[PDB]
RNA sequence: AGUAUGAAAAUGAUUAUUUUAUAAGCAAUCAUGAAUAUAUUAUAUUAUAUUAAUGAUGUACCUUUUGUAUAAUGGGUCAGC
RNA sequence: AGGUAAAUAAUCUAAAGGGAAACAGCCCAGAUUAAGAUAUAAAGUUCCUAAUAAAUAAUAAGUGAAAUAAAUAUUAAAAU
RNA sequence: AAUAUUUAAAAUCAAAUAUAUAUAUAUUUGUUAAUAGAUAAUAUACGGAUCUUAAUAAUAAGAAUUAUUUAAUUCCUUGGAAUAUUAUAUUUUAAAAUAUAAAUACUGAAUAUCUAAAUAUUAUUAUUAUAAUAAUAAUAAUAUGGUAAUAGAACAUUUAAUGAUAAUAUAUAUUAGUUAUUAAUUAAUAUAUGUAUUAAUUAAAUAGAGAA
Ligand SMILES: [Mg+2]
Ligand SMILES: [Mg+2]
Ligand SMILES: [Mg+2]
Ligand SMILES: [Mg+2]
Ligand SMILES: [Mg+2]
Ligand SMILES: [Mg+2]
Ligand SMILES: [Mg+2]
Ligand SMILES: [Mg+2]
Ligand SMILES: [Mg+2]
Ligand SMILES: [Mg+2]
Ligand SMILES: [Mg+2]
Ligand SMILES: [Mg+2]
Ligand SMILES: [Mg+2]
Ligand SMILES: [Mg+2]
Ligand SMILES: [Mg+2]
Ligand SMILES: [Mg+2]
Ligand SMILES: [Mg+2]
Ligand SMILES: [Mg+2]
Ligand SMILES: [Mg+2]
Ligand SMILES: [Mg+2]
Ligand SMILES: [Mg+2]
Ligand SMILES: [Mg+2]
Ligand SMILES: [Mg+2]
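Residue numbers (the authors' numbering), protein chains in the order written: chain a, 19 to 195; chain 4, 2 to 139; chain N, 44 to 161; chain 5, 310 to 390; chain c, 13 to 131; chain H, 2 to 161.
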């Protein structure tokens, strides 16, 4: 706490629980002249505001670093992990040498149906993503998979295709900010 | 990975340099036609010169046509007001001209109660959220 | 009055009052006053004086009217104009006389050019 | 970005949640690096919320606007993933 | 009585408070009238306004109606008045010989403080 | 200017629990409190033209407070249209038929505004005579609240 | 009952846009989402126009009467007189 | 008697607006046109429905909660 | 405890105000409740929901009835002062101390003010050209609901007198703009016409139709 301003809710003269939308009550409410701390009643998702940016992303010579406004209201100890990879929970491992990688690559080209990504991962104690990064399958297998996917898509009704399109649009919208 | 979305800027006339909305006014009259008397008198009588001296960013065209006397303004946004000044005296014509020069060119429009400010800017405080409110509901 | 957080903040709003009518604004905002301004012509600049509240995202200075020294708030008069012409009809319930109440109120478009902590 | 700077690995965590098992839930997740939160992300799904928190963090990184009083900030290039 | 003049026989709390306020206002008006007269008389004798306001001996009004209004036996103050006389008129044709003041026409303007001694 | 931003969270339908066993309000006062929530008057983004009210899950509704002798006197009416078919049921009878939750719902219905959205608002109210209910898992919760609750109870709830 | 002409209306069918199959009353007005159309200054986070999401208010008109939503008078609609 | 006959005042008649559930005549108040910041009137402030918090007593009859039903009876309560 | 009345502030006492004033005189105020009695015909009918609170246990409810009141509570003279409350900040060890604020209850009309616009009158100005005038614009004030009725001022339509102009024009129609707008004007589009008895001033009228 750098600043010791008095803090205020966004106060109505009326009952806020019954008349939150009534602007008139807000207009009526006068408060004594001076500086206040009105903490925002909002998530800081779309905001480029300087009171919203974290201190690590502020520059070293920024005066705003010292001021207490990027408030750490939440606590990482209390919050549980969401869609977190197994590498993040128990650390990244760089154990597999070149020979092992070469063997994996050989296996994958030979028989991707038998030696699938998940199986490789289980064998070598490593991620399916890493297996993918390491090794391409036989392009034939990929083509087959694409054809299967196309067949599945064709098997849809009109409605399902539209829903999938909507989902895709939503996904695109998520990454806009 | 990051990609741009092609987007264009919005001009706020006032904030940097104010470009005056009224760009051109056309005084139209008739030599015949008794409805154009006050317009003719205005054109004659040293008021137009004074006006032009006052407002050198507006150009003042003076045209002759057979019909009723006309005051057509021309604004920065591209819209055109045209006021017919038929049978108006000199002073009424001058008032009409003043009204025209005052106008920002935009179309006339019904406003609802307290529809005062028109912002392009995102809210300084955020938008309210029930999870992030100060007083939690019950 | 330690006005340092307001001064620092990139975003900043004001709640200036013209004739006790509050208008919440940022820079670039386009105020539409519901009357004919006589004092200022089009192009003239208005230095706002009765500024009630000056707010960041999390702080706000409040005064009645905040010290003129602490801030700037320049509006520009960007067109006197009018509302759309309306004619509501006034009449009683078994009376053929129907008085037309014509109406076309005046407007003054301001634009908030400057708003900053001095 | 976190790797490049002197920051701990970012992990996303549920801050608040409501309406799970509904048409339109609300999941608030925060991408923490250590105890510091970088980005806050709301969403209908958990995945969406996580994505939004990451996008918010990136916005805060990039669209950081320093004061005129500060000495010039020359960035260290775009985050080449 | 087919037409329905739905007026309640008694007043609400809020109505009673308003009535009380109105009564208080008329007393205040009377006080102001007497005070101004006193001030004027002090000025005539030859004191300043402030001096007149300060004065220990306040002059009582010489005109009749004002003097009657000043008397509490004739025209009582709201604080003096009974609960009953604030909210109930005398009506000889009513049962109880009493009627709500709100039932009087133009009761908001018309004043009626004093009821008979035993009615 | 104030309106401009991401409004999705403001218009989010939250889920509000009320354990009637804990709540000390009488029936009608509780119903009135619920009605506001259902309408969405509590939230400042509200507008009369838009339905933007939250879900309300009521639970342990058997322990609802009713003053006086209303439980054995208060009569709930009904009528089809055919004369001589006025159906008058006392509160206790109604409870026996359906439950204390039905009673609460009726109160809440009467509290609500009479228009096309009323039915929707009434639907959003989810009442339960006892404790166990399906919406257990979707009441609004926070990470800071988790320390108060014991460890295995949370797991049991999640399983349920 | 002249001759030309005739996007005058009432009226019918059809197409387009838009709303409408859990909602109740002069069918409008005001608030207010959405969809569509037009726009050689939409630079847009744009403007106008059309349209019974949703909300609020709203007891046809005239005559004659102390007084009419009246279940009092009179009018099927439009055109000409 | 929402009766009839006149006396005085007001409103309606010819007066829209707020209140009185709905309302020619009651309680406020008189629409030149808008605007909507401030004072308000009568009437209201759990929700429907714009707006509320208290104090001291009494009621337990849903009495009552904006349209007060009588003699009388029973049960209490004070004072003498 | 018992019997019998009364339900009262007239007397009486208590409290408050006003005249000489530690007292006297005069005035003002303060004296029950519940139930039963109880009652018809489309359907419960406070406008409807619903309203009498409850420790454990809530950062939280406890008439939404009746009666007397207040605008946090108590003294002093609308006002100040003190008191605790509530909220907040700071300092110290969830508590204590210090200090800042809130105490102007609020809603509410087409009431009044403010904010602008219009007309009319009264009184002052300014500008421009019975100039002691006219037009336009300021300021201050007052006024502007209206049936029967009275008075004043306009517009559309058709004819007569006078009368430039022209297919780059005129007229009529549709759509969208403009002017405080029954009207006219701008643009686009359509069809006609080698063209307004056109603008304007007068004169007049088979001069305006949801009401027979
Ligand atoms: Mg309310
Ligand atoms: Mg009429
Ligand atoms: Mg009549
Ligand atoms: Mg439907
Ligand atoms: Mg129907
Ligand atoms: Mg009928
Ligand atoms: Mg009829
Ligand atoms: Mg008929
Ligand atoms: Mg009679
Ligand atoms: Mg008559
Ligand atoms: Mg009336
Ligand atoms: Mg009159
Ligand atoms: Mg008047
Ligand atoms: Mg009852
Ligand atoms: Mg009743
Ligand atoms: Mg006595
Ligand atoms: Mg009945
Ligand atoms: Mg009621
Ligand atoms: Mg007025
Ligand atoms: Mg008149
Ligand atoms: Mg005729
Ligand atoms: Mg006709
Ligand atoms: Mg007509």
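Virtual Cβ for every residue (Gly too), placed ideally from N, Cα, C.
Can you tell me the Cα-Cα spacing of residue 105 (chain 4) and residue 112 (chain N), whole angstroms? Reading the second chain from its first residue, position 104 is the one you call residue 105 (chain 4). Reading the third chain from its first residue, position 69 is the one you call residue 112 (chain N). Roughly 32 Å separates the two Cα atoms.
How should residue 78 (chain H) be labelled, buried or exposed, when 16 other C-beta atoms within 10 angstroms of its C-beta is the threshold for buried? Position 77 of the sixth chain, counting from 1, holds the residue named residue 78 (chain H). Looking at its Cβ environment, which holds fewer than 16 other Cβ atoms inside 10 Å, residue 78 (chain H) is exposed.
Pull up the DSSP beta-bridge partners for residue 123 (chain c), would you. Position 111 of the fifth chain, counted from the start, is the residue given in the question as residue 123 (chain c). In DSSP, residue 123 (chain c) forms no bridge with anything.
Counting only the same chain and skipping the five closest in sequence on each side, list residues whose C-beta sits under 7 Å from that of residue 38 (chain H). Within the sixth chain, the letter at position 37 stands for residue 38 (chain H). 17, 54, 55, 57, listed in sequence order.
For chain a, check one thing: does any of its Cβ atoms lie closer than 8 Å to the Cβ of residue 11 (chain 4)? Along the second chain, one-based indexing puts residue 11 (chain 4) at 10. So, not an interface residue.
Looking at chain 4, is there any beta carbon in it that lies within less than 8 Å of the beta carbon of residue 57 (chain a)? Working through the first chain from its first residue, we reach residue 57 (chain a) at position 39. Closer than 8 Å to some Cβ of chain 4, the Cβ of residue 57 (chain a) qualifies, so yes.
Where does the unbroken alpha helix (DSSP H) through residue 97 (chain c) begin, and where does it stop? Translated into positions along the fifth chain, residue 97 (chain c) becomes position 85. First-last of the alpha helix (DSSP H) with residue 97 (chain c): 95-99.
For residue 56 (chain N), go through chain 4 and note every residue whose CB falls closer than 8 Å to its CB, in chain order. By one-based count along the third chain, residue 56 (chain N) stands at place 13. Within 8 Å Cβ-Cβ: 125, 126.
At a CB-CB cut-off below 8 Å, which residues of chain 5 make contact with residue 2 (chain 4)? On the second chain, residue 2 (chain 4) is found 1 positions in, with the first residue counted as 1. Near residue 2 (chain 4) (Cβ distances below 8 Å), the residues of chain 5 are 390.
Assign residue 129 (chain a) to buried or exposed, taking buried as 16 or more other Cβ atoms, counted over all protein chains shown, within 10 Å of its Cβ. As a first step, residue 129 (chain a) is located in the first chain; it is residue number 111 there, counting from the start. So residue 129 (chain a) ends up on the exposed side.
Ignoring anything shorter than 4 residues, give me the alpha helix (DSSP H) runs that lie fully in the segment 36-88 of chain a, in order along the chain. 41-46
Among 320 (chain 5), 349 (chain 5), 389 (chain 5), nearest to residue 62 (chain a) - alpha-carbon criterion: The residue you call residue 62 (chain a) lines up with position 44 of the first chain. Of the listed residues, the one whose Cα sits closest to residue 62 (chain a) is 349 (chain 5).
Out of 95 (chain a), 77 (chain a), 72 (chain a), 78 (chain a), state which residue places its alpha-carbon closest to the alpha-carbon of residue 14 (chain a). In the structure as shown, chain a begins at 19 and stops at 195. Residue 14 (chain a) is therefore absent and cannot be evaluated.
Mind reading off the beta-carbon distance from residue 151 (chain a) to residue 46 (chain N)? Whole number of angstroms is fine, and I expect it under 8 Å. To locate residue 151 (chain a), count along the first chain from 1; it is residue 133. To locate residue 46 (chain N), count along the third chain from 1; it is residue 3. Wrong, their Cβ atoms sit about 54 Å apart, outside the cutoff.
Where does residue 56 (chain N) land, buried or exposed, given buried means 16+ other C-beta within 10 angstroms? As a working note, residue 56 (chain N) is residue 13 in the third chain. Result: buried.
Range of the contiguous alpha helix (DSSP H) that encloses residue 371 (chain 5): Position 62 of the fourth chain, counted from the start, is the residue given in the question as residue 371 (chain 5). 355-371 is the span of the alpha helix (DSSP H), which, as asked, contains residue 371 (chain 5).
Determine the direct distance from the alpha carbon of residue 100 (chain 4) to that of residue 80 (chain 4), and round the result to whole angstroms. Numbered from its first residue, the second chain carries residue 80 (chain 4) at position 79. Numbered from its first residue, the second chain carries residue 100 (chain 4) at position 99. When rounded, the distance between both Cα atoms is 15 Å.
Beta carbon of residue 123 (chain N), beta carbon of residue 85 (chain N): below 8 Å? Mapped onto the third chain, residue 123 (chain N) falls at position 80. Mapped onto the third chain, residue 85 (chain N) falls at position 42. In this structure, residue 85 (chain N) lies closer than 8 Å to residue 123 (chain N) by Cβ.
Measuring CA to CA, which of 132 (chain H), 68 (chain H), 76 (chain H) is closest to residue 23 (chain H)? Residue mapping note: residue 23 (chain H) aligns to position 22 of the sixth chain, counting from 1. Of the listed residues, the one whose Cα sits closest to residue 23 (chain H) is 132 (chain H).
Which same chain residues, not among the five before or five after residue 29 (chain a), have their C-beta less than 8 Å away from its C-beta? As a first step, residue 29 (chain a) is located in the first chain; it is residue number 11 there, counting from the start. So the qualifying residues of the chain are 44, 47, 49.
Would you tell me roughly how many angstroms separate the C-alpha atoms of residue 365 (chain 5) and residue 64 (chain a), rounded to the nearest one? Residue numbering aside, residue 365 (chain 5) sits at position 56 when the fourth chain is read from its first letter. Residue numbering aside, residue 64 (chain a) sits at position 46 when the first chain is read from its first letter. C-alpha separation (whole angstroms): 7 Å.
Could you give the DSSP three-state label for residue 82 (chain H): helix, strand or coil? Sequence index remark: in the sixth chain, residue 82 (chain H) carries index 81 (1-based). Looking at residue 82 (chain H) - three-state DSSP - the assignment turns out to be coil, as it is neither helix nor strand.
How far does the beta strand (DSSP E) with residue 16 (chain H) in it reach, from first residue to last? Locating residue 16 (chain H) in the sixth chain gives position 15, counting from the first residue. Taken as a continuous stretch (DSSP letters only), the beta strand (DSSP E) holding residue 16 (chain H) covers 16-20.
Going along the segment 34-54 of chain H in order, which residues come within less than 7 Å of chain 4, judged by CB to CB distance? 43, 44, 45, 46
Test: residue 335 (chain 5) CB closer than 8 Å to a CB of chain a: Numbered from 1 along the fourth chain, position 26 holds the residue referred to as residue 335 (chain 5). Not closer than 8 Å to any Cβ of chain a, the Cβ of residue 335 (chain 5) fails to qualify, so no.
What distance in whole Å lies between the Cβ atoms of residue 49 (chain c) and residue 73 (chain c), which are believed to be in contact at a cut-off of 8 Å? Counting from 1 along the fifth chain, the entry for residue 73 (chain c) is found at position 61. Counting from 1 along the fifth chain, the entry for residue 49 (chain c) is found at position 37. Yes, residue 73 (chain c) and residue 49 (chain c) are in contact; Cβ-Cβ is about 5 Å, under 8 Å.
Measure from the alpha carbon of residue 336 (chain 5) to the alpha carbon of each residue in 328 (chain 5), 343 (chain 5), 342 (chain 5), then state which is nearest. Locating residue 336 (chain 5) in the fourth chain gives position 27, where the first residue counts as 1. Here the closest residue by C-alpha is 328 (chain 5).
8 Å Cβ shell around residue 101 (chain N) - same chain, five flanking residues per side excluded: The count along the third chain starts at 1 and reaches residue 101 (chain N) at position 58. Taken in chain order, the residues that qualify are 48.
Write down the C-beta distance between residue 135 (chain 4) and residue 59 (chain a) rounded to the nearest angstrom, noting that I regard them as a contact closer than 8 Å. As a position in the second chain, residue 135 (chain 4) is number 134, starting the count at 1. As a position in the first chain, residue 59 (chain a) is number 41, starting the count at 1. About 6 Å; that satisfies the 8 Å criterion.
C-beta atoms of residue 79 (chain N) and residue 149 (chain N) nearer than 8 Å: As a first step, residue 79 (chain N) is located in the third chain; it is residue number 36 there, counting from the start. As a first step, residue 149 (chain N) is located in the third chain; it is residue number 106 there, counting from the start. Taking 8 Å as the Cβ cut-off, residue 79 (chain N) and residue 149 (chain N) qualify as a contacting pair.
Confirm the yes/no value for this check: CB of residue 37 (chain a), any heavy atom of ligand 1, distance under 7 Å. Working through the first chain from its first residue, we reach residue 37 (chain a) at position 19. It does: the Cβ of residue 37 (chain a) is within 7 Å (strictly closer) of some heavy atom of ligand 1.
Please classify residue 167 (chain a) as buried or exposed, where buried requires at least 16 other C-beta atoms within 10 Å of its C-beta. Along the first chain, read from residue 1 onward, the residue named residue 167 (chain a) stands at position 149. With fewer than 16 other Cβ atoms within 10 Å, it is exposed.
Tell me the DSSP secondary structure of residue 137 (chain H) in three-state form. The residue you call residue 137 (chain H) lines up with position 136 of the sixth chain. Reduced to three states, the DSSP call for residue 137 (chain H) is helix.
In terms of alpha-carbon separation, which member of 62 (chain N), 126 (chain N), 44 (chain N) lies closest to residue 111 (chain 4)? Here residue 111 (chain 4) refers to the residue found at position 110 when the second chain is read from its first residue. It is 126 (chain N) whose Cα lies nearest to the Cα of residue 111 (chain 4).
Amino acids of chain H, ordered along the chain, whose beta-carbon sits closer than 8 Å to that of residue 37 (chain a): As a working mapping, residue 37 (chain a) is identified with position 19 in the first chain. Neighbours of residue 37 (chain a) on chain H, chain order: 42.
Alpha carbons only, please: which of 82 (chain c), 118 (chain c), 46 (chain c) is nearest the one belonging to residue 65 (chain c)? Working through the fifth chain from its first residue, we reach residue 65 (chain c) at position 53. Among 82 (chain c), 118 (chain c), 46 (chain c), the Cα nearest to that of residue 65 (chain c) is on 46 (chain c).
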